$ cat protein21.csv   # CSV, N, CA and C atoms
chain,number,residue,atom,x,y,z
A,235,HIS,N,13.4,-6.9,-8.5
A,235,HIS,CA,14.5,-6.2,-8.0
A,235,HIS,C,15.2,-5.2,-9.0
A,236,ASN,N,15.6,-4.1,-8.5
A,236,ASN,CA,16.3,-3.1,-9.3
A,236,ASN,C,15.5,-2.6,-10.4
A,237,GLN,N,14.1,-2.5,-10.2
A,237,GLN,CA,13.2,-2.0,-11.2
A,237,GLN,C,12.8,-0.6,-10.9
A,238,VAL,N,12.4,-0.3,-9.7
A,238,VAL,CA,12.1,1.1,-9.3
A,238,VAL,C,13.3,2.0,-9.4
A,239,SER,N,14.5,1.5,-9.0
A,239,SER,CA,15.7,2.3,-8.9
A,239,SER,C,16.1,2.8,-10.3
A,240,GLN,N,16.0,1.8,-11.3
A,240,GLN,CA,16.4,2.2,-12.7
A,240,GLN,C,15.5,3.2,-13.3
A,241,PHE,N,14.2,3.0,-13.1
A,241,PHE,CA,13.2,3.9,-13.6
A,241,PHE,C,13.4,5.3,-13.0
A,242,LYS,N,13.6,5.4,-11.7
A,242,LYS,CA,13.8,6.7,-11.0
A,242,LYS,C,15.1,7.3,-11.5
A,243,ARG,N,16.2,6.6,-11.7
A,243,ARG,CA,17.4,7.2,-12.2
A,243,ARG,C,17.2,7.7,-13.7
A,244,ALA,N,16.5,6.9,-14.5
A,244,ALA,CA,16.3,7.4,-15.9
A,244,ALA,C,15.4,8.6,-15.9
A,245,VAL,N,14.4,8.7,-15.0
A,245,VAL,CA,13.6,9.9,-15.0
A,245,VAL,C,14.4,11.1,-14.5
A,246,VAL,N,15.2,10.9,-13.5
A,246,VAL,CA,16.1,12.0,-13.1
A,246,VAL,C,17.0,12.5,-14.2
A,247,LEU,N,17.6,11.5,-14.9
A,247,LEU,CA,18.5,11.9,-15.9
A,247,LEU,C,17.8,12.6,-17.1
A,248,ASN,N,16.6,12.2,-17.4
A,248,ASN,CA,15.9,12.9,-18.5
A,248,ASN,C,15.5,14.3,-18.0
A,249,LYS,N,15.0,14.4,-16.8
A,249,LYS,CA,14.7,15.7,-16.3
A,249,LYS,C,15.8,16.7,-16.3
A,250,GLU,N,17.0,16.2,-15.9
A,250,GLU,CA,18.2,17.0,-15.9
A,250,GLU,C,18.6,17.4,-17.3
A,251,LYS,N,18.5,16.5,-18.2
A,251,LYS,CA,18.9,16.7,-19.6
A,251,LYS,C,18.0,17.8,-20.3
A,252,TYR,N,16.7,17.6,-20.1
A,252,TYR,CA,15.7,18.5,-20.7
A,252,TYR,C,15.6,19.9,-20.0
A,253,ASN,N,16.1,20.0,-18.8
A,253,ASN,CA,16.0,21.3,-18.0
A,253,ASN,C,17.4,21.6,-17.5
A,254,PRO,N,18.3,22.2,-18.4
A,254,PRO,CA,19.7,22.5,-18.0
A,254,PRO,C,19.7,23.8,-17.1
A,255,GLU,N,18.8,24.7,-17.4
A,255,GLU,CA,18.8,26.0,-16.7
A,255,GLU,C,18.6,25.8,-15.2
A,256,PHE,N,17.7,24.8,-14.8
A,256,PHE,CA,17.4,24.6,-13.4
A,256,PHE,C,18.6,24.2,-12.6
A,257,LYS,N,18.7,24.7,-11.4
A,257,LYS,CA,19.9,24.3,-10.6
A,257,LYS,C,19.8,22.9,-10.0
A,258,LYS,N,18.8,22.7,-9.2
A,258,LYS,CA,18.6,21.4,-8.5
A,258,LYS,C,17.3,20.8,-9.1
A,259,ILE,N,17.5,19.5,-9.6
A,259,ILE,CA,16.5,18.8,-10.2
A,259,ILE,C,16.4,17.4,-9.4
A,260,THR,N,15.2,17.1,-8.9
A,260,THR,CA,15.0,15.8,-8.2
A,260,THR,C,13.9,15.0,-8.9
A,261,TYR,N,13.5,13.9,-8.2
A,261,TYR,CA,12.5,13.0,-8.8
A,261,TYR,C,11.1,13.6,-8.6
A,262,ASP,N,10.9,14.6,-7.8
A,262,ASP,CA,9.6,15.2,-7.5
A,262,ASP,C,9.5,16.6,-8.2
A,263,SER,N,10.6,17.0,-8.9
A,263,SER,CA,10.5,18.4,-9.5
A,263,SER,C,9.6,18.4,-10.7
A,264,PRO,N,8.6,19.3,-10.7
A,264,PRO,CA,7.6,19.3,-11.9
A,264,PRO,C,8.3,19.9,-13.1
A,265,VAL,N,9.1,19.2,-13.8
A,265,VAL,CA,9.8,19.6,-15.0
A,265,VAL,C,9.6,18.6,-16.1
A,266,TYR,N,9.7,19.0,-17.3
A,266,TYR,CA,9.4,18.2,-18.5
A,266,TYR,C,10.5,17.1,-18.6
A,267,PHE,N,10.0,15.9,-18.9
A,267,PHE,CA,10.9,14.8,-19.3
A,267,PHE,C,10.1,13.8,-20.2
A,268,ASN,N,10.8,13.3,-21.2
A,268,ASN,CA,10.2,12.5,-22.2
A,268,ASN,C,10.0,11.1,-21.7
A,269,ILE,N,8.8,10.6,-21.6
A,269,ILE,CA,8.6,9.3,-21.1
A,269,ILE,C,9.0,8.2,-22.1
A,270,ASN,N,8.9,8.6,-23.4
A,270,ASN,CA,9.3,7.6,-24.4
A,270,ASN,C,10.9,7.4,-24.4
A,271,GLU,N,11.6,8.5,-24.0
A,271,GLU,CA,13.0,8.4,-23.8
A,271,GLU,C,13.4,7.5,-22.7
A,272,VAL,N,12.6,7.6,-21.6
A,272,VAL,CA,12.8,6.7,-20.4
A,272,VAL,C,12.5,5.2,-20.8
A,273,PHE,N,11.4,5.0,-21.6
A,273,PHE,CA,11.1,3.7,-22.1
A,273,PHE,C,12.3,3.1,-23.0
A,274,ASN,N,12.8,4.0,-23.8
A,274,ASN,CA,14.0,3.6,-24.6
A,274,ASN,C,15.2,3.2,-23.7
A,275,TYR,N,15.4,4.0,-22.7
A,275,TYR,CA,16.5,3.7,-21.8
A,275,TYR,C,16.3,2.4,-21.1
A,276,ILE,N,15.1,2.1,-20.6
A,276,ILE,CA,14.8,0.8,-20.0
A,276,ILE,C,14.9,-0.3,-21.1
A,277,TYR,N,14.6,0.0,-22.4
A,277,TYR,CA,14.7,-1.0,-23.4
A,277,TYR,C,16.1,-1.4,-23.7
A,278,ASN,N,17.1,-0.7,-23.2
A,278,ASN,CA,18.5,-1.1,-23.3
A,278,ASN,C,18.8,-2.1,-22.2
A,279,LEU,N,17.7,-2.7,-21.7
A,279,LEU,CA,17.8,-3.9,-20.9
A,279,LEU,C,18.7,-5.0,-21.6
A,280,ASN,N,18.7,-5.0,-22.9
A,280,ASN,CA,19.5,-6.0,-23.7
A,280,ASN,C,20.9,-5.5,-23.8
A,281,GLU,N,21.6,-5.5,-22.6
A,281,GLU,CA,23.1,-5.3,-22.6
A,281,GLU,C,23.7,-6.7,-22.5
A,282,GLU,N,24.6,-6.9,-23.5
A,282,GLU,CA,25.2,-8.3,-23.6
A,282,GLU,C,26.7,-8.3,-23.5
A,283,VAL,N,27.4,-7.1,-23.2
A,283,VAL,CA,28.8,-7.0,-23.4
A,283,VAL,C,29.5,-6.4,-22.2
A,284,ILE,N,28.9,-6.3,-21.0
A,284,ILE,CA,29.5,-5.7,-19.9
A,284,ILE,C,28.8,-6.1,-18.6
A,285,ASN,N,29.6,-6.6,-17.6
A,285,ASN,CA,29.1,-6.8,-16.2
A,285,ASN,C,29.8,-5.8,-15.3
A,286,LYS,N,31.2,-5.9,-15.2
A,286,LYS,CA,31.9,-5.0,-14.3
A,286,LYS,C,33.2,-4.6,-15.0
A,287,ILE,N,33.8,-5.3,-15.9
A,287,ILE,CA,35.1,-5.1,-16.5
A,287,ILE,C,36.2,-5.0,-15.5
A,288,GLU,N,36.9,-6.1,-15.3
A,288,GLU,CA,37.9,-6.2,-14.2
A,288,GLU,C,39.1,-5.3,-14.6
A,289,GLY,N,39.8,-4.8,-13.6
A,289,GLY,CA,41.0,-3.9,-13.8
A,289,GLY,C,40.7,-2.5,-14.0
A,290,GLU,N,39.4,-2.1,-14.2
A,290,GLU,CA,39.1,-0.7,-14.4
A,290,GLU,C,37.9,-0.3,-13.5
A,291,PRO,N,37.8,0.9,-13.0
A,291,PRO,CA,36.6,1.2,-12.1
A,291,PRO,C,35.3,1.2,-12.8
A,292,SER,N,35.2,1.9,-13.9
A,292,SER,CA,33.9,1.9,-14.7
A,292,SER,C,34.3,2.4,-16.1
A,293,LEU,N,34.4,1.4,-17.0
A,293,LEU,CA,34.6,1.8,-18.4
A,293,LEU,C,33.6,1.0,-19.3
B,528,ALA,N,-24.7,35.9,25.6
B,528,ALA,CA,-23.4,36.3,25.1
B,528,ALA,C,-22.6,37.0,26.2
B,529,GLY,N,-21.4,36.6,26.3
B,529,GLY,CA,-20.5,37.2,27.4
B,529,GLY,C,-20.7,36.6,28.8
B,530,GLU,N,-21.6,35.7,28.9
B,530,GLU,CA,-21.9,35.0,30.2
B,530,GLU,C,-21.3,33.6,30.2
B,531,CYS,N,-20.6,33.3,31.3
B,531,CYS,CA,-20.0,32.0,31.4
B,531,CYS,C,-20.3,31.4,32.8
B,532,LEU,N,-20.4,30.1,32.8
B,532,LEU,CA,-20.6,29.4,34.1
B,532,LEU,C,-19.3,28.9,34.6
B,533,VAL,N,-18.9,29.4,35.8
B,533,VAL,CA,-17.7,29.1,36.5
B,533,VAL,C,-17.9,28.1,37.6
B,534,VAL,N,-17.3,26.9,37.4
B,534,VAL,CA,-17.5,25.8,38.4
B,534,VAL,C,-16.1,25.2,38.6
B,535,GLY,N,-15.7,25.2,39.9
B,535,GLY,CA,-14.4,24.7,40.3
B,535,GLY,C,-14.1,24.9,41.7
B,536,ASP,N,-12.9,24.4,42.1
B,536,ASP,CA,-12.5,24.5,43.5
B,536,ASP,C,-12.2,25.9,43.9
B,537,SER,N,-11.8,26.7,43.0
B,537,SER,CA,-11.5,28.1,43.3
B,537,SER,C,-12.7,28.9,43.8
B,538,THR,N,-13.8,28.8,43.1
B,538,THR,CA,-15.0,29.5,43.5
B,538,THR,C,-15.7,28.8,44.7
B,539,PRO,N,-16.2,29.5,45.6
B,539,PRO,CA,-17.0,28.8,46.7
B,539,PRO,C,-18.3,28.2,46.2
B,540,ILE,N,-19.0,28.9,45.4
B,540,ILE,CA,-20.3,28.3,44.8
B,540,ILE,C,-20.2,28.4,43.3
B,541,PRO,N,-20.8,27.5,42.6
B,541,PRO,CA,-20.9,27.6,41.1
B,541,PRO,C,-21.6,28.9,40.8
B,542,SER,N,-21.1,29.7,39.8
B,542,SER,CA,-21.6,31.0,39.5
B,542,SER,C,-21.7,31.2,38.0
B,543,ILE,N,-22.6,32.2,37.7
B,543,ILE,CA,-22.7,32.7,36.3
B,543,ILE,C,-22.2,34.1,36.2
B,544,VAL,N,-21.1,34.3,35.5
B,544,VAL,CA,-20.4,35.6,35.5
B,544,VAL,C,-20.4,36.1,34.1
B,545,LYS,N,-20.7,37.4,34.0
B,545,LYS,CA,-20.7,38.1,32.8
B,545,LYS,C,-19.3,38.7,32.6
B,546,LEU,N,-18.7,38.3,31.5
B,546,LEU,CA,-17.3,38.7,31.2
B,546,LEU,C,-17.2,40.0,30.4
B,547,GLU,N,-16.4,40.9,30.9
B,547,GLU,CA,-16.2,42.2,30.1
B,547,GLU,C,-15.4,41.9,28.9
B,548,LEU,N,-15.7,42.7,27.8
B,548,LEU,CA,-15.0,42.5,26.6
B,548,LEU,C,-13.5,42.9,26.7
B,549,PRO,N,-12.6,42.2,26.0
B,549,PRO,CA,-11.2,42.6,26.1
B,549,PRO,C,-10.9,43.9,25.4
B,550,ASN,N,-9.7,44.4,25.8
B,550,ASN,CA,-9.2,45.6,25.1
B,550,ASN,C,-7.7,45.5,25.2
B,551,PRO,N,-7.0,45.2,24.1
B,551,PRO,CA,-7.5,45.0,22.7
B,551,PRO,C,-8.2,43.7,22.6
B,552,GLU,N,-9.1,43.5,21.5
B,552,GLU,CA,-9.9,42.4,21.2
B,552,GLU,C,-9.2,41.5,20.2
B,553,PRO,N,-9.2,40.2,20.4
B,553,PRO,CA,-8.6,39.2,19.4
B,553,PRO,C,-9.4,39.2,18.1
B,554,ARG,N,-8.7,39.4,17.0
B,554,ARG,CA,-9.4,39.4,15.7
B,554,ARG,C,-8.6,38.5,14.8
B,555,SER,N,-9.3,37.7,14.0
B,555,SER,CA,-8.6,36.8,13.0
B,555,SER,C,-8.8,37.4,11.6
B,556,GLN,N,-7.7,37.6,10.9
B,556,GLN,CA,-7.8,38.2,9.6
B,556,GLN,C,-8.2,37.1,8.6
B,557,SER,N,-9.5,36.9,8.5
B,557,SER,CA,-10.1,36.0,7.6
B,557,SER,C,-10.5,36.6,6.3
B,558,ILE,N,-10.9,35.7,5.4
B,558,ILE,CA,-11.3,36.2,4.0
B,558,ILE,C,-12.8,35.9,3.8
B,559,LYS,N,-13.4,37.0,3.3
B,559,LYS,CA,-14.9,36.9,3.0
B,559,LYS,C,-15.1,36.6,1.5
B,560,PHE,N,-15.7,35.4,1.3
B,560,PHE,CA,-15.9,34.9,-0.1
B,560,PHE,C,-17.0,35.7,-0.8
B,561,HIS,N,-18.1,35.9,-0.1
B,561,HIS,CA,-19.2,36.6,-0.7
B,561,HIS,C,-18.9,38.0,-1.0
B,562,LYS,N,-18.2,38.7,-0.1
B,562,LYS,CA,-17.9,40.1,-0.4
B,562,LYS,C,-16.9,40.2,-1.6
B,563,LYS,N,-16.0,39.3,-1.8
B,563,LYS,CA,-15.1,39.3,-2.9
B,563,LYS,C,-15.8,38.9,-4.2
B,564,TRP,N,-16.8,38.0,-4.1
B,564,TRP,CA,-17.5,37.5,-5.2
B,564,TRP,C,-18.5,38.6,-5.8
B,565,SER,N,-18.7,39.7,-5.1
B,565,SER,CA,-19.6,40.7,-5.6
B,565,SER,C,-18.9,41.7,-6.5
B,566,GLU,N,-17.6,41.7,-6.6
B,566,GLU,CA,-16.8,42.6,-7.5
B,566,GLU,C,-16.7,42.0,-8.9
B,567,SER,N,-15.9,42.7,-9.7
B,567,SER,CA,-15.7,42.3,-11.1
B,567,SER,C,-14.6,41.3,-11.2
B,568,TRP,N,-14.4,40.7,-12.4
B,568,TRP,CA,-13.4,39.7,-12.6
B,568,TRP,C,-12.0,40.3,-12.5
B,569,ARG,N,-11.3,39.9,-11.4
B,569,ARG,CA,-10.0,40.4,-11.1
B,569,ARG,C,-8.9,39.4,-11.5
B,570,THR,N,-7.9,39.9,-12.2
B,570,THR,CA,-6.9,38.9,-12.8
B,570,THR,C,-5.7,38.8,-11.9
B,571,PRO,N,-5.5,37.6,-11.3
B,571,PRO,CA,-4.4,37.3,-10.4
B,571,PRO,C,-3.1,36.9,-11.2
B,572,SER,N,-2.3,37.9,-11.5
B,572,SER,CA,-1.2,37.8,-12.5
B,572,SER,C,-0.5,36.4,-12.4
B,573,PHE,N,-0.7,35.6,-13.5
B,573,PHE,CA,-0.3,34.2,-13.5
B,573,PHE,C,1.1,34.0,-13.9
B,574,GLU,N,1.9,35.1,-13.8
B,574,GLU,CA,3.3,35.0,-14.2
B,574,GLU,C,4.2,35.4,-13.0
B,575,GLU,N,3.8,36.4,-12.2
B,575,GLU,CA,4.5,36.6,-10.9
B,575,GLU,C,4.3,35.4,-10.0
B,576,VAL,N,3.1,34.8,-10.0
B,576,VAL,CA,2.8,33.7,-9.1
B,576,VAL,C,3.6,32.5,-9.5
B,577,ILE,N,3.6,32.2,-10.8
B,577,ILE,CA,4.4,31.0,-11.3
B,577,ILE,C,5.9,31.2,-11.3
B,578,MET,N,6.4,32.4,-11.1
B,578,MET,CA,7.8,32.6,-10.8
B,578,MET,C,8.1,32.4,-9.3
B,579,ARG,N,7.0,32.4,-8.4
B,579,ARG,CA,7.2,32.2,-7.0
B,579,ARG,C,7.1,30.7,-6.7
B,580,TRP,N,6.6,29.9,-7.6
B,580,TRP,CA,6.7,28.4,-7.4
B,580,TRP,C,8.2,28.0,-7.4
B,581,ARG,N,9.0,28.6,-8.3
B,581,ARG,CA,10.4,28.4,-8.5
B,581,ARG,C,11.1,29.5,-7.8
B,582,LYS,N,11.6,29.3,-6.6
B,582,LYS,CA,12.2,30.4,-5.8
B,582,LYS,C,13.4,30.9,-6.6
B,583,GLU,N,14.3,30.0,-7.0
B,583,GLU,CA,15.4,30.4,-7.9
B,583,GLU,C,15.3,29.5,-9.2
B,584,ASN,N,15.3,28.2,-9.0
B,584,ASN,CA,15.1,27.2,-10.1
B,584,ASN,C,14.7,25.9,-9.5
B,585,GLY,N,13.4,25.5,-9.7
B,585,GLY,CA,12.9,24.2,-9.2
B,585,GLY,C,11.8,23.6,-10.0
$ encode --input "protein21.csv" --output "structure tokens"
Amino acid sequence: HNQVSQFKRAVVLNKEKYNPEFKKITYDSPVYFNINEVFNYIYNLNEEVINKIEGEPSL
Amino acid sequence: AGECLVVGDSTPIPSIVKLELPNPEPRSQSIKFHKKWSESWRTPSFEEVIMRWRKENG
């Protein structure tokens, strides 16, 4: 669960970061993205200090 | 060529009818590979084409 979604989100984020000039970037857009950076993002699996943080929307 | 067998309730007897050619004639704008292969190496500008992949930015 929540495996394909995180990979897709990381891929989209990397594609947007490495291609700022492009207007619309999607998961199918043939644009450069570093797969090692996506692996590093998934490797942040080890989050130990946040679930939702009560009293704030997202901090 | 141009002859067709007409069989149906409209005709009294099954018949073989020679069809006149149309005017104008239906023509399909096809591409001839052998004719184009007999010419010299023609360069399909690979930079206008690759700017048409991205209409504005894609």
$ atom_distance --input "protein21.csv" --atom1 "atom N of residue 246 (chain A)" --atom2 "CA of residue 576 (chain B)"
26.3 Å
$ interface_residues --input "protein21.csv" --of "chain A" --to "chain B" --cutoff "7 Å" --atoms "all atoms listed in the file" --output "PyMOL selection string"
chain A and resi 255-259+263-265
$ select_by_dssp --input "protein21.csv" --residues "chain B" --states "strand (DSSP E or B)" --output "list in words"
residues 530, 531, 532, 533, 542, 543, 544 and 545 of chain B
$ residues_around --input "protein21.csv" --residues "region 540-552 of chain B" --least-positions-apart "4" --cutoff "5 Å" --atoms "all atoms listed in the file" --output "list in words"
residues 529, 530, 531, 532, 533 and 534 of chain B
$ write_last_selection --input "protein21.csv" --atoms "N, CA and C atoms" --output "mmCIF file, keeping the file's coordinate frame"
data_model
loop_
_atom_site.group_PDB
_atom_site.id
_atom_site.type_symbol
_atom_site.label_atom_id
_atom_site.label_comp_id
_atom_site.auth_asym_id
_atom_site.auth_seq_id
_atom_site.Cartn_x
_atom_site.Cartn_y
_atom_site.Cartn_z
ATOM 1 N N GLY B 529 -21.400 36.600 26.300
ATOM 2 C CA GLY B 529 -20.500 37.200 27.400
ATOM 3 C C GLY B 529 -20.700 36.600 28.800
ATOM 4 N N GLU B 530 -21.600 35.700 28.900
ATOM 5 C CA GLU B 530 -21.900 35.000 30.200
ATOM 6 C C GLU B 530 -21.300 33.600 30.200
ATOM 7 N N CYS B 531 -20.600 33.300 31.300
ATOM 8 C CA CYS B 531 -20.000 32.000 31.400
ATOM 9 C C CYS B 531 -20.300 31.400 32.800
ATOM 10 N N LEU B 532 -20.400 30.100 32.800
ATOM 11 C CA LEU B 532 -20.600 29.400 34.100
ATOM 12 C C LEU B 532 -19.300 28.900 34.600
ATOM 13 N N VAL B 533 -18.900 29.400 35.800
ATOM 14 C CA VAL B 533 -17.700 29.100 36.500
ATOM 15 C C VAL B 533 -17.900 28.100 37.600
ATOM 16 N N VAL B 534 -17.300 26.900 37.400
ATOM 17 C CA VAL B 534 -17.500 25.800 38.400
ATOM 18 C C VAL B 534 -16.100 25.200 38.600
#
$ select_by_dssp --input "protein21.csv" --residues "chain B" --states "helix (DSSP H, G or I)" --output "PyMOL selection string"
chain B and resi 560-564+575-580
$ atom_distance --input "protein21.csv" --atom1 "CA of residue 235 (chain A)" --atom2 "atom N of residue 253 (chain A)"
28.4 Å
$ residues_around --input "protein21.csv" --residues "region 269-274 of chain A" --least-positions-apart "2" --cutoff "7 Å" --atoms "only C-alpha atoms" --output "ChimeraX atom specification"
/A:244-245,267,276-278
$ atom_distance --input "protein21.csv" --atom1 "atom C of residue 573 (chain B)" --atom2 "CA of residue 266 (chain A)"
18.4 Å
$ build_atoms --input "protein21.csv" --residues "region 530-552 of chain B" --atoms "N, CA, C and O atoms" --output "PDB file, in the coordinates of the input"
ATOM      1  N   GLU B 530     -21.600  35.700  28.900  1.00  0.00           N
ATOM      2  CA  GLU B 530     -21.900  35.000  30.200  1.00  0.00           C
ATOM      3  C   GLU B 530     -21.300  33.600  30.200  1.00  0.00           C
ATOM      4  O   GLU B 530     -21.560  32.872  29.272  1.00  0.00           O
ATOM      5  N   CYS B 531     -20.600  33.300  31.300  1.00  0.00           N
ATOM      6  CA  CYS B 531     -20.000  32.000  31.400  1.00  0.00           C
ATOM      7  C   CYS B 531     -20.300  31.400  32.800  1.00  0.00           C
ATOM      8  O   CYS B 531     -20.405  32.133  33.764  1.00  0.00           O
ATOM      9  N   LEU B 532     -20.400  30.100  32.800  1.00  0.00           N
ATOM     10  CA  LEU B 532     -20.600  29.400  34.100  1.00  0.00           C
ATOM     11  C   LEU B 532     -19.300  28.900  34.600  1.00  0.00           C
ATOM     12  O   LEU B 532     -18.576  28.130  34.004  1.00  0.00           O
ATOM     13  N   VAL B 533     -18.900  29.400  35.800  1.00  0.00           N
ATOM     14  CA  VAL B 533     -17.700  29.100  36.500  1.00  0.00           C
ATOM     15  C   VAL B 533     -17.900  28.100  37.600  1.00  0.00           C
ATOM     16  O   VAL B 533     -18.638  28.330  38.524  1.00  0.00           O
ATOM     17  N   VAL B 534     -17.300  26.900  37.400  1.00  0.00           N
ATOM     18  CA  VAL B 534     -17.500  25.800  38.400  1.00  0.00           C
ATOM     19  C   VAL B 534     -16.100  25.200  38.600  1.00  0.00           C
ATOM     20  O   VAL B 534     -15.388  24.813  37.706  1.00  0.00           O
ATOM     21  N   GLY B 535     -15.700  25.200  39.900  1.00  0.00           N
ATOM     22  CA  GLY B 535     -14.400  24.700  40.300  1.00  0.00           C
ATOM     23  C   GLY B 535     -14.100  24.900  41.700  1.00  0.00           C
ATOM     24  O   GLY B 535     -14.929  25.407  42.481  1.00  0.00           O
ATOM     25  N   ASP B 536     -12.900  24.400  42.100  1.00  0.00           N
ATOM     26  CA  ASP B 536     -12.500  24.500  43.500  1.00  0.00           C
ATOM     27  C   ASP B 536     -12.200  25.900  43.900  1.00  0.00           C
ATOM     28  O   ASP B 536     -12.227  26.208  45.132  1.00  0.00           O
ATOM     29  N   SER B 537     -11.800  26.700  43.000  1.00  0.00           N
ATOM     30  CA  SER B 537     -11.500  28.100  43.300  1.00  0.00           C
ATOM     31  C   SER B 537     -12.700  28.900  43.800  1.00  0.00           C
ATOM     32  O   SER B 537     -12.600  29.567  44.837  1.00  0.00           O
ATOM     33  N   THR B 538     -13.800  28.800  43.100  1.00  0.00           N
ATOM     34  CA  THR B 538     -15.000  29.500  43.500  1.00  0.00           C
ATOM     35  C   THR B 538     -15.700  28.800  44.700  1.00  0.00           C
ATOM     36  O   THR B 538     -15.628  27.548  44.715  1.00  0.00           O
ATOM     37  N   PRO B 539     -16.200  29.500  45.600  1.00  0.00           N
ATOM     38  CA  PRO B 539     -17.000  28.800  46.700  1.00  0.00           C
ATOM     39  C   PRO B 539     -18.300  28.200  46.200  1.00  0.00           C
ATOM     40  O   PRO B 539     -18.555  27.022  46.592  1.00  0.00           O
ATOM     41  N   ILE B 540     -19.000  28.900  45.400  1.00  0.00           N
ATOM     42  CA  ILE B 540     -20.300  28.300  44.800  1.00  0.00           C
ATOM     43  C   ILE B 540     -20.200  28.400  43.300  1.00  0.00           C
ATOM     44  O   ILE B 540     -19.567  29.357  42.775  1.00  0.00           O
ATOM     45  N   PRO B 541     -20.800  27.500  42.600  1.00  0.00           N
ATOM     46  CA  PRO B 541     -20.900  27.600  41.100  1.00  0.00           C
ATOM     47  C   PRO B 541     -21.600  28.900  40.800  1.00  0.00           C
ATOM     48  O   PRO B 541     -22.642  29.242  41.404  1.00  0.00           O
ATOM     49  N   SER B 542     -21.100  29.700  39.800  1.00  0.00           N
ATOM     50  CA  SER B 542     -21.600  31.000  39.500  1.00  0.00           C
ATOM     51  C   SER B 542     -21.700  31.200  38.000  1.00  0.00           C
ATOM     52  O   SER B 542     -21.128  30.510  37.212  1.00  0.00           O
ATOM     53  N   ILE B 543     -22.600  32.200  37.700  1.00  0.00           N
ATOM     54  CA  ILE B 543     -22.700  32.700  36.300  1.00  0.00           C
ATOM     55  C   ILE B 543     -22.200  34.100  36.200  1.00  0.00           C
ATOM     56  O   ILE B 543     -22.769  34.986  36.852  1.00  0.00           O
ATOM     57  N   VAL B 544     -21.100  34.300  35.500  1.00  0.00           N
ATOM     58  CA  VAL B 544     -20.400  35.600  35.500  1.00  0.00           C
ATOM     59  C   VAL B 544     -20.400  36.100  34.100  1.00  0.00           C
ATOM     60  O   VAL B 544     -20.083  35.434  33.152  1.00  0.00           O
ATOM     61  N   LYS B 545     -20.700  37.400  34.000  1.00  0.00           N
ATOM     62  CA  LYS B 545     -20.700  38.100  32.800  1.00  0.00           C
ATOM     63  C   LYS B 545     -19.300  38.700  32.600  1.00  0.00           C
ATOM     64  O   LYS B 545     -18.823  39.478  33.388  1.00  0.00           O
ATOM     65  N   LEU B 546     -18.700  38.300  31.500  1.00  0.00           N
ATOM     66  CA  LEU B 546     -17.300  38.700  31.200  1.00  0.00           C
ATOM     67  C   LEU B 546     -17.200  40.000  30.400  1.00  0.00           C
ATOM     68  O   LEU B 546     -17.906  40.108  29.354  1.00  0.00           O
ATOM     69  N   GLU B 547     -16.400  40.900  30.900  1.00  0.00           N
ATOM     70  CA  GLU B 547     -16.200  42.200  30.100  1.00  0.00           C
ATOM     71  C   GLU B 547     -15.400  41.900  28.900  1.00  0.00           C
ATOM     72  O   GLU B 547     -14.560  41.023  28.820  1.00  0.00           O
ATOM     73  N   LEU B 548     -15.700  42.700  27.800  1.00  0.00           N
ATOM     74  CA  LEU B 548     -15.000  42.500  26.600  1.00  0.00           C
ATOM     75  C   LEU B 548     -13.500  42.900  26.700  1.00  0.00           C
ATOM     76  O   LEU B 548     -13.191  43.842  27.474  1.00  0.00           O
ATOM     77  N   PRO B 549     -12.600  42.200  26.000  1.00  0.00           N
ATOM     78  CA  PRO B 549     -11.200  42.600  26.100  1.00  0.00           C
ATOM     79  C   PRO B 549     -10.900  43.900  25.400  1.00  0.00           C
ATOM     80  O   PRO B 549     -11.613  44.374  24.597  1.00  0.00           O
ATOM     81  N   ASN B 550      -9.700  44.400  25.800  1.00  0.00           N
ATOM     82  CA  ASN B 550      -9.200  45.600  25.100  1.00  0.00           C
ATOM     83  C   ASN B 550      -7.700  45.500  25.200  1.00  0.00           C
ATOM     84  O   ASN B 550      -7.058  45.765  26.270  1.00  0.00           O
ATOM     85  N   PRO B 551      -7.000  45.200  24.100  1.00  0.00           N
ATOM     86  CA  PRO B 551      -7.500  45.000  22.700  1.00  0.00           C
ATOM     87  C   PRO B 551      -8.200  43.700  22.600  1.00  0.00           C
ATOM     88  O   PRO B 551      -8.088  42.772  23.400  1.00  0.00           O
ATOM     89  N   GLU B 552      -9.100  43.500  21.500  1.00  0.00           N
ATOM     90  CA  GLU B 552      -9.900  42.400  21.200  1.00  0.00           C
ATOM     91  C   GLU B 552      -9.200  41.500  20.200  1.00  0.00           C
ATOM     92  O   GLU B 552      -8.575  41.961  19.219  1.00  0.00           O
TER      93      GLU B 552
END
